[PDB]
Amino acid sequence: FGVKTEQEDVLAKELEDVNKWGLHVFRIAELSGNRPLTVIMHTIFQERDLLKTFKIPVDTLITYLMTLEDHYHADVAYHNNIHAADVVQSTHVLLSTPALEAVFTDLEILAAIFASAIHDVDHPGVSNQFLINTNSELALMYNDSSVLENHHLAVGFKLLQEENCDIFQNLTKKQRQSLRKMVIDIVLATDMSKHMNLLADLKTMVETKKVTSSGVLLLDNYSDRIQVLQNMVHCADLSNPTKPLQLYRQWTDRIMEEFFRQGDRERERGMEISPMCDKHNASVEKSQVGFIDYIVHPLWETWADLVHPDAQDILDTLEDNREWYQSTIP
Ligand SMILES: COc1ccc(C2=NNC(=O)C2(C)C)cc1OC1CCCC1
Ligand SMILES: [Mg+2]
Ligand SMILES: [Zn+2]
């Protein structure tokens, strides 16, 4: 008939949480038959009316989403389609923050969400440094500079050239040039080597923050608009510790699996084992507390100031999760 399977019904009930921090993204991956990026991107595009606004044929959208999801590696524990789906949905919730209501154009919203979806595509489950130290083809292609992030962009864009995959076929050249620049600026900013400069600029922006009447953020130049979108997708990328603990612990298991596999590949080859990649010499709990204290909490504390007090529950969850990991240090 033209009615859904019962599995498709349970999935649609889970997707009702799509506007909430703490979406059961792992369950959505189970119910979608490992299609969390495709169903969550589709739901978000419908909810934000992006198909109508950008004249995206729904068949082209689904073909591109499935092609893009297929170029995430199912055998990589963290940097997979589920992480991509998570960052997309998290970016979606951050865009909906009251303090940013009516700030960003449809093109900017599209850029942030599209960027989120492609931001780790074809990730091999090892670091830029590993790819450089092994003389990998990727490191050679990109002159050791933001190797993975250049690759994710190039793959994300290249997949638009596959059969019925050009979701931007109806955008004008002007819209396409603008969207392209914003997507490149956002994904290059996911390289952790850029974290300190991004955070410095976000702090500068909190100190010189102007609001409109009704208390929404004023951003009147490209440089300020893009820096907020960059920090937003960066916050989405580093949002695992800010999620309900049952989600956070699953992300911790997965990043540690990926890191230990890198360490095993380094030990095998007699390379120096990278920080927190040695399964024989690792404090999972102390590593998470260090991650929160030095990287995640400073970023989210500065985000929370920018959009005060929209992010208070997210920051409270981060601080609760931090105390939980601290209390399990043996
Ligand atoms: C859920 O714990 C994490 C989640 C993500 C990340 C990262 N995101 N990508 C990146 O480039 C890094 C900074 C490695 C790092 C996480 O824990 C760190 C602390 C224990 C291992 C790494
Ligand atoms: Mg990345
Ligand atoms: Zn990522």
Side-chain angles (χ1 to χ4, degrees), residues 1-74 80-96 104-122 152 155-171 175 179 182-183 186-187 232-233 236-237 239 247:
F1 292 84
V3 201
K4 48 189 51 182
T5 61
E6 291 297 326
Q7 196 172 13
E8 286 172 351
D9 176 57
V10 184
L11 174 57
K13 283 171 158 67
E14 286 290 350
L15 287 165
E16 270 178 332
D17 286 339
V18 71
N19 299 329
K20 293 184 191 130
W21 211 253
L23 176 68
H24 298 274
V25 67
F26 293 104
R27 185 166 170 92
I28 284 173
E30 279 166 10
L31 291 170
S32 58
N34 203 20
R35 283 272 184 263
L37 179 59
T38 294
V39 307
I40 285 162
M41 278 283 277
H42 193 223
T43 301
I44 286 158
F45 269 58
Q46 286 302 335
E47 166 106 9
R48 292 184 171 281
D49 206 32
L50 284 173
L51 289 105
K52 288 196 135 144
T53 307
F54 290 109
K55 301 299 188 277
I56 311 176
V58 62
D59 57 300
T60 302
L61 182 67
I62 293 172
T63 303
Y64 176 82
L65 290 180
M66 283 175 153
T67 298
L68 176 67
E69 187 147 32
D70 284 341
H71 286 249
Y72 282 86
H73 300 195
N80 59 49
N81 57 318
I82 314 176
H83 169 68
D86 182 35
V87 172
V88 160
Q89 188 263 334
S90 302
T91 292
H92 164 68
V93 175
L94 293 180
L95 278 170
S96 299
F104 290 117
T105 66
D106 286 314
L107 196 61
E108 288 166 340
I109 286 160
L110 183 61
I113 289 160
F114 181 75
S116 296
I118 70 163
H119 88 279
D120 275 339
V121 69
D122 199 37
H152 307 327
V155 166
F157 281 119
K158 198 74 175 76
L159 291 178
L160 291 164
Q161 288 168 19
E162 283 203 2
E163 183 67 28
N164 198 29
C165 281
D166 194 3
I167 59 160
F168 310 130
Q169 55 191 79
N170 288 324
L171 275 62
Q175 289 178 299
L179 176 69
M182 289 191 274
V183 170
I186 294 165
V187 177
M232 184 186 300
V233 173
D237 204 23
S239 69
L247 286 176

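Sequential numbering from 1 along the given sequence is applied to the chain's residues. Just the heavy atoms: all of them, side chains too, but no hydrogens, waters or symmetry mates, feed the values below.
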message: Between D166 and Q161, is the side-chain contact (heavy atoms from CB on, under 4.5 Å) condition met? List the steps.
response: CA-CA 6 Å; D166 194 3; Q161 288 168 19; over 6 Å; no
field: Chi angles and distances behind the side-chain contact (heavy atoms from CB on, under 4.5 Å) call for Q46, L51
entry: CA-CA 7 Å; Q46 286 302 335; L51 289 105; 3.6 Å; yes
Worked check of side-chain contact (heavy atoms from CB on, under 4.5 Å) between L110 and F104: CA-CA 10 Å; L110 183 61; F104 290 117; over 6 Å; no
statement: For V39 and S32, the nearest pair of non-hydrogen atoms, with its separation, is CG1-CB, 4.0 Å
- request: Could you tell me how the ring of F168 sits relative to the ring of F114: parallel (under 30°), tilted (30 to 60°) or perpendicular (over 60°)?
  value: perpendicular
- request: Just grab all the salt bridge (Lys or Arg N to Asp or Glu O under 4.0 Å) pairs involving residues 57-67, residues at least two apart or on different chains.
  value: none
query: Does the side chain of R35 reach to within under 4.5 Å of the side chain of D70, using non-hydrogen atoms?
result: yes
statement: Contacts of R48 meeting side-chain hydrogen bond (donor to acceptor under 3.5 Å, both in side chains) (sequence neighbours excluded), chain-then-number -> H92, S96
- prompt: Taking the side chain as C-beta and beyond, is there a heavy-atom pair between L95 and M232 under 4.5 Å?
  reply: yes
message: The test is side-chain contact (heavy atoms from CB on, under 4.5 Å); show your working for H71 and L159 and say whether it passes.
response: CA-CA 9 Å; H71 286 249; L159 291 178; 3.7 Å; yes
statement: One should read off an interatomic distance between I40 CD1 and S116 OG, to the nearest 0.5 angstrom, of 12.0 Å
query: Could you give the distance from CG (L23) to CD1 (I28), rounded to the nearest 0.5 Å?
result: 4.0 Å
field: Gap separating the CG atom of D120 from the CG atom of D237, nearest 0.5 angstrom
entry: 6.0 Å
Partners passing side-chain hydrogen bond (donor to acceptor under 3.5 Å, both in side chains) against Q175 (at least two apart in sequence or in another chain): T172
query: Is a side-chain donor or acceptor of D17 paired with a backbone partner of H24 at a separation under 3.5 angstrom?
result: no
- prompt: Partners of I62 by side chain to side chain contact (heavy atoms under 4.5 Å, CB included), sequence neighbours excluded?
  reply: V58, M66
- prompt: Partners of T60 by side chain to side chain contact (heavy atoms under 4.5 Å, CB included), sequence neighbours excluded?
  reply: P57, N164, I167, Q169
task: With rounding to the nearest 0.5 Å, note down the distance linking CD1 in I44 to CG in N19.
output: 8.0 Å
- prompt: Hey, what do you get for OG1 (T67) to OH (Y64), rounding to the nearest 0.5 Å?
  reply: 8.5 Å
Polar side-chain atom of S90 near backbone of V87 as donor-acceptor pair, under 3.5 Å: no
- prompt: What closest approach, in Å, do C165 and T63 show between heavy atoms, and which atom pair accounts for it?
  reply: SG-CG2, 3.7 Å
message: Could you measure the distance from the CD atom of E14 to the CG atom of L31? Nearest 0.5 Å is fine.
response: 6.5 Å
query: For the side chain of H152 and the backbone of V121, is there at least one donor-acceptor N/O pair under 3.5 Å apart?
result: yes
task: With sequence neighbours excluded, tell me which residues meet side-chain hydrogen bond (donor to acceptor under 3.5 Å, both in side chains) with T38.
output: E69
field: Listed once per pair and sorted, the ring pair (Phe, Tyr, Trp, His ring centres under 6.0 Å) pairs that draw on residues 41-63, sequence neighbours left out
entry: none
- line: Closest non-hydrogen atoms of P36 and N81, given as atom of the first, atom of the second and distance, are CD-ND2, 3.4 Å
- request: Only counting residues at least two apart or in another chain, list the ones meeting side chain to side chain contact (heavy atoms under 4.5 Å, CB included) with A84.
  value: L37, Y72
task: Determine which pairs satisfy salt bridge (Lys or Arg N to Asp or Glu O under 4.0 Å) with at least one residue from residues 1-11, sequence neighbours left out, and list them in order.
output: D9-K13
- request: Could you list the residues that satisfy salt bridge (charged side-chain N to carboxylate O under 4.0 Å, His left out) with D86, not counting sequence neighbours?
  value: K243
- prompt: What residues form a side chain to side chain contact (heavy atoms under 4.5 Å, CB included) with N80, not counting sequence neighbours?
  reply: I82, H83, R254
query: Which residues pass the side-chain hydrogen bond (donor to acceptor under 3.5 Å, both in side chains) test with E108, sequence neighbours left out?
result: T105, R225
